[PDB]
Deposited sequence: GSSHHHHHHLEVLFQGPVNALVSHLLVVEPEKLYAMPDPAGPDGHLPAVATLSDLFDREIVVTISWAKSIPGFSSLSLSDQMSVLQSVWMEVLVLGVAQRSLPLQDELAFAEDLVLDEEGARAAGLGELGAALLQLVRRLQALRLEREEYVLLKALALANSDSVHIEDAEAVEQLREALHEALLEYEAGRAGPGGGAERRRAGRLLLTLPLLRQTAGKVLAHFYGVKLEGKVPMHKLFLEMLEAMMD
């Protein structure tokens, strides 16, 4: 899929819109149902990552290390986009919209406040559907994992996705305004991750679940 880096950006952007995960439903929900949602959020994030141009050109160890470090940034950014046309509320699924009271009552502690701060930041910018999928693929390529063996290759992927974002905005402040929301994206994803490490849902460390599903898809 690296031919998409060689061609014009429009076909890359459209590929990214087509590889967007299928909208997920939760079916107030019981924890069993939220656990099922989480499980499918993991599978979906992995199959998506495999369809990012360049990602599969990294070795399996670096593909895993990259995903461990940023898989929750991909999810959080998904939740944040779907929540832009909303006010003080978060779209955790197609049939699950929760304010800060419903977030904490659904068992997410104080993550609502952290996620809404990220939403407001993206809302202050009129984040387009096309930018969102360029920003999301770039957040994945911007991994800073200490476990990465081939750094050059990861750097190359990120430069290409950076270029792609510049080539989109071309045909200069706009590109940077989106990148400047990335520090908060990482910080908010670390908070979500730390929450679910603490919960340890059904006896399972999130890291341990991600590795096994990455192993199935790799």
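Undergrad: Tell me, which runs of residues in the deposited sequence have no coordinates at all?
TA: Those stretches are 1 to 9, 37 to 45, 190 to 198, 246 to 247, listed in order.
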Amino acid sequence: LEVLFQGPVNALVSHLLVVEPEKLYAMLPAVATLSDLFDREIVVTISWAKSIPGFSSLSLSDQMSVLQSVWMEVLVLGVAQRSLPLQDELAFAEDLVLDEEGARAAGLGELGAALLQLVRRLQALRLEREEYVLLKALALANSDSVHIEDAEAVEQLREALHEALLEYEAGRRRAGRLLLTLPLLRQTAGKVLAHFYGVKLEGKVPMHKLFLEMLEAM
From here on, numbers count along this sequence of modelled residues.
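Undergrad: Return whichever of 139 to 147 and 124 to 132 has the greater mean Cα B factor according to the PDB record.
TA: In the deposited entry, the stretch with the higher C-alpha B-factor mean is 124 to 132.
Undergrad: Higher mean Cα B-factor in the deposited model: 178 to 186 or 54 to 62?
TA: Result: 54 to 62.
Undergrad: Which one of 67, 165, 193, 43 shows the biggest C-alpha B-factor in the PDB entry?
TA: Of 67, 165, 193, 43, 165 has the highest C-alpha B-factor.
Undergrad: Just grab whichever of 21, 198, 206, 203 has the top CA B-factor as deposited.
TA: In the PDB entry, the greatest C-alpha B-factor among 21, 198, 206, 203 is found at 21.
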